[PDB]
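One file, work-v2.txt, carrying compact mmCIF, C-alpha atoms:
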```txt
# COMPACT_ATOMS: atom_id res chain seq x y z
CA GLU N 166 27.75 24.38 -4.22
CA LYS N 167 24.09 23.37 -4.30
CA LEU N 168 22.64 21.14 -1.59
CA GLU N 169 21.89 17.78 -3.23
CA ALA N 170 20.49 14.44 -2.06
CA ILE N 171 23.23 12.01 -3.12
CA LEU N 172 22.15 8.38 -3.42
CA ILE N 173 24.56 6.01 -1.69
CA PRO N 174 23.65 2.95 -3.79
CA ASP N 175 25.15 0.20 -1.62
CA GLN N 176 23.51 1.36 1.62
CA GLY N 177 20.09 2.49 0.40
CA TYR N 178 20.04 6.01 1.81
CA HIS N 179 20.63 9.51 0.46
CA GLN N 180 23.49 11.62 1.82
CA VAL N 181 22.65 15.32 2.20
CA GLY N 182 25.57 17.51 3.22
CA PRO N 183 29.21 16.54 3.80
CA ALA N 184 29.39 12.94 4.98
CA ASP N 185 31.85 13.59 7.81
CA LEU N 186 29.67 16.30 9.38
CA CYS N 187 26.14 15.16 8.50
CA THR N 188 25.83 11.70 10.02
CA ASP N 189 22.30 11.36 11.47
CA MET N 190 19.53 9.27 9.93
CA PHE N 191 16.17 10.72 8.92
CA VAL N 192 13.07 9.38 7.18
CA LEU N 193 11.06 11.46 4.68
CA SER N 194 7.69 9.91 3.82
CA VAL N 195 4.69 10.59 1.61
CA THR N 196 1.30 8.98 2.31
CA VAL N 197 -1.62 9.10 -0.11
CA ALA N 198 -4.63 8.43 2.10
CA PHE N 199 -7.90 8.94 0.21
CA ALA N 200 -9.46 10.75 -2.73
CA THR N 201 -12.79 12.11 -3.86
CA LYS N 202 -14.49 13.63 -6.93
CA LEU N 203 -11.80 12.13 -9.19
CA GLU N 204 -14.37 11.47 -11.93
CA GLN N 205 -14.25 15.18 -12.86
CA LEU N 206 -10.78 14.54 -14.32
CA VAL N 207 -12.16 12.08 -16.93
CA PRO N 208 -14.15 13.67 -19.79
CA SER N 209 -16.35 10.65 -20.55
CA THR N 210 -18.37 8.38 -18.31
CA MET N 211 -17.58 5.70 -20.89
CA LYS N 212 -13.90 5.59 -19.93
CA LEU N 213 -14.90 4.81 -16.33
CA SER N 214 -16.46 1.51 -17.44
CA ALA N 215 -13.59 0.32 -19.65
CA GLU N 216 -11.32 -2.05 -17.75
CA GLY N 217 -8.22 -0.51 -19.29
CA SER N 218 -9.12 2.21 -16.79
CA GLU N 219 -6.60 1.36 -14.08
CA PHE N 220 -5.46 4.38 -12.09
CA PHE N 221 -2.50 5.11 -9.83
CA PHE N 222 -0.54 7.97 -8.29
CA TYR N 223 2.93 8.98 -9.41
CA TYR N 224 5.45 11.32 -7.86
CA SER N 225 9.19 11.94 -7.74
CA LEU N 226 10.60 11.94 -4.19
CA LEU N 227 14.23 13.14 -4.04
CA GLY N 228 14.74 11.80 -7.55
CA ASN N 229 13.00 8.45 -6.94
CA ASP N 230 10.11 7.56 -9.24
CA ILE N 231 7.27 6.28 -7.04
CA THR N 232 3.99 4.74 -8.20
CA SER N 233 1.11 3.61 -6.01
CA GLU N 234 -1.01 0.46 -6.12
CA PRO N 235 -3.35 0.56 -9.14
CA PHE N 236 -7.10 0.89 -8.53
CA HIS N 237 -10.13 0.75 -10.84
CA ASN N 238 -12.98 2.57 -9.04
CA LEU N 239 -12.45 6.21 -9.97
CA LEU N 240 -15.99 7.25 -8.98
CA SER N 241 -15.68 5.57 -5.55
CA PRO N 242 -11.95 5.20 -4.86
CA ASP N 243 -10.95 1.91 -3.31
CA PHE N 244 -7.19 2.22 -2.92
CA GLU N 245 -5.63 1.62 0.49
CA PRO N 246 -3.60 4.33 2.24
CA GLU N 247 -0.06 3.92 0.99
CA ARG N 248 3.24 5.34 2.23
CA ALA N 249 6.56 5.67 0.43
CA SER N 250 9.66 6.54 2.50
CA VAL N 251 13.30 7.43 1.76
CA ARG N 252 16.18 7.36 4.23
CA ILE N 253 18.43 10.41 4.47
CA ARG N 254 21.81 10.71 6.19
CA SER N 255 22.30 14.38 7.06
CA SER N 256 22.22 16.86 9.92
CA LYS N 257 19.10 18.55 11.26
CA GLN N 258 20.13 22.01 10.02
CA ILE N 259 21.39 20.92 6.60
CA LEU N 260 18.40 18.71 5.82
CA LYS N 261 15.94 21.40 6.94
CA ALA N 262 17.73 23.89 4.66
CA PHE N 263 17.81 21.37 1.81
CA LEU N 264 14.06 20.76 2.11
CA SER N 265 13.35 24.49 2.36
CA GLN N 266 15.02 24.85 -1.07
CA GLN N 267 13.21 22.02 -2.90
CA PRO N 268 10.42 22.62 -5.41
CA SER N 269 7.00 21.37 -4.46
CA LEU N 270 6.23 17.69 -4.63
CA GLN N 271 3.95 17.14 -7.64
CA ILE N 272 1.64 14.15 -7.18
CA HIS N 273 -0.08 12.97 -10.38
CA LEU N 274 -3.19 10.90 -10.89
CA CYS N 275 -2.33 8.67 -13.84
CA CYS N 276 -3.98 6.24 -16.22
CA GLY N 277 -1.52 4.32 -18.36
CA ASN N 278 0.98 6.91 -19.57
CA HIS N 279 -1.44 9.86 -19.17
CA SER N 280 -1.51 12.33 -16.31
CA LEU N 281 -5.13 13.18 -15.51
CA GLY N 282 -4.22 15.86 -13.00
CA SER N 283 -1.70 16.85 -10.41
CA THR N 284 -1.38 18.67 -7.12
CA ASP N 285 1.49 20.48 -5.43
CA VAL N 286 2.60 19.69 -1.88
CA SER N 287 5.15 22.10 -0.43
CA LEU N 288 8.31 20.53 0.97
CA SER N 289 9.43 23.98 2.09
CA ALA N 290 6.28 24.21 4.22
CA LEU N 291 7.28 20.94 5.87
CA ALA N 292 10.78 22.26 6.53
CA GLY N 293 9.28 25.40 8.06
CA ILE N 294 7.47 23.37 10.73
CA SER N 295 10.33 20.88 11.32
CA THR N 296 11.38 22.73 14.46
CA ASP N 297 11.69 19.93 17.06
CA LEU N 298 13.19 17.00 15.16
CA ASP N 299 15.10 15.75 18.20
CA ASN N 300 11.80 14.91 19.90
CA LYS N 301 8.91 14.88 17.44
CA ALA N 302 8.11 14.07 13.87
CA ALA N 303 6.92 16.93 11.68
CA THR N 304 3.95 16.47 9.33
CA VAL N 305 2.08 18.52 6.74
CA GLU N 306 -1.27 16.95 5.92
CA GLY N 307 -4.34 18.08 4.10
CA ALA N 308 -6.81 17.71 1.26
CA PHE N 309 -5.02 18.81 -1.90
CA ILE N 310 -6.81 19.80 -5.10
CA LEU N 311 -5.92 17.91 -8.29
CA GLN N 312 -5.73 20.24 -11.31
CA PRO N 313 -6.17 18.94 -14.87
CA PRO N 314 -3.46 19.85 -17.41
CA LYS N 315 -6.02 21.61 -19.66
CA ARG N 316 -6.24 25.34 -20.33
CA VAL N 317 -9.99 25.57 -19.79
CA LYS N 318 -11.93 23.73 -17.10
CA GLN N 319 -15.61 23.23 -17.90
CA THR N 320 -18.22 22.57 -15.21
CA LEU N 321 -21.71 21.36 -16.07
CA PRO N 322 -23.92 22.00 -14.20
CA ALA N 323 -22.45 25.14 -12.61
CA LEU N 324 -23.43 25.17 -8.92
CA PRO N 325 -22.78 27.63 -6.08
CA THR N 326 -20.61 24.99 -4.45
CA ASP N 327 -17.74 23.50 -6.36
CA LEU N 328 -16.56 20.14 -5.04
CA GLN N 329 -13.24 19.52 -6.76
CA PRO N 330 -11.04 16.41 -7.18
CA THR N 331 -9.19 16.07 -3.92
CA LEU N 332 -6.35 13.90 -2.62
CA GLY N 333 -5.59 13.41 1.06
CA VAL N 334 -1.79 13.58 1.49
CA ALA N 335 0.52 13.56 4.51
CA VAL N 336 4.23 14.35 4.19
CA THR N 337 6.37 13.60 7.24
CA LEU N 338 9.98 14.20 8.29
CA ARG N 339 11.47 12.56 11.36
CA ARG N 340 14.67 11.33 12.90
CA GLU N 341 14.88 7.63 12.13
CA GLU N 342 14.91 6.81 15.86
CA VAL N 343 11.87 9.05 16.53
CA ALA N 344 8.64 7.08 16.15
CA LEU N 345 5.90 8.47 13.93
CA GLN N 346 3.40 7.76 16.74
```
Please render this file's structure as structure tokens.
Amino acid sequence: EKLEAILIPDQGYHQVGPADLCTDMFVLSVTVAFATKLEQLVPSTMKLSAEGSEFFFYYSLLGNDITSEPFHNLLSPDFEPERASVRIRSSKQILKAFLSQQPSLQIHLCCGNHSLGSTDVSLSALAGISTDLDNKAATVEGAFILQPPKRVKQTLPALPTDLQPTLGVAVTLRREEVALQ
């Protein structure tokens, strides 16, 4: 059988592994912290000034559709750092194995029903460093590049440096009783 995160609807947590053996509570969280150079993902300066331009981040976390607080200033992002968390009932070994087997988290920058770009954040990398969950939280954090869904990326003017659209993301796994700190 495949390891699956099974929503327990009444209680508001996901069971991973057999419920009689995997009984500890964990929190898995995603924080979108800041962004820069997002204007490269919009082909026209004119769309930046339309007020229908309202942008947000989307991702699926263990099957949960998550959207962030909409913001308007793409050139100078104004959104607040925002965390989404899910509760998991599991065991340390089974949850670490489950996470090591998950595909990367794909975080999208959206406008309306359009994805302007996405970036991959490895949950398996987080599992790989989740080696002291009895005592410490484990966190992968960095500046992740947002890639447009186009075949060809055009850059005008072409410079020696290449500042790309970037999203600061932190993904954290911890025992529920272990403070993020």
* To do: Go through N:263, N:309, N:223, N:178 one by one, measure the shortest atom-to-atom distance of each to residue 202 in chain N using only C-alpha atoms, and give the residue with the smallest value.
  =>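 Of the candidates, the smallest distance to residue 202 in chain N is held by N:309.
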* Hey, what's within 9 Å of range 335-342 of chain N if we count all atoms listed in the file and toss same-chain stuff fewer than 3 positions away? As number ranges by chain, please? -> N: 189-198, 248, 252-253, 257, 286, 288, 291-292, 295, 298-307, 345
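Summary of the local environment: counting only C-alpha atoms, residues at most 10 Å from residue 188 in chain N, other than itself and those fewer than 4 positions away along its chain, are residues 180, 181, 182, 183, 184, 253, 254, 255, 256 and 257 of chain N.
With all atoms listed in the file as the atoms that count, the residue of N:200, N:310, N:275, N:328 with the shortest distance to residue 244 in chain N is N:200.
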* **For CA of residue 346 in chain N and CA of residue 333 in chain N, the interatomic separation in Å (one decimal)** =>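 For CA of residue 346 in chain N relative to CA of residue 333 in chain N, the distance reads 18.9 Å.
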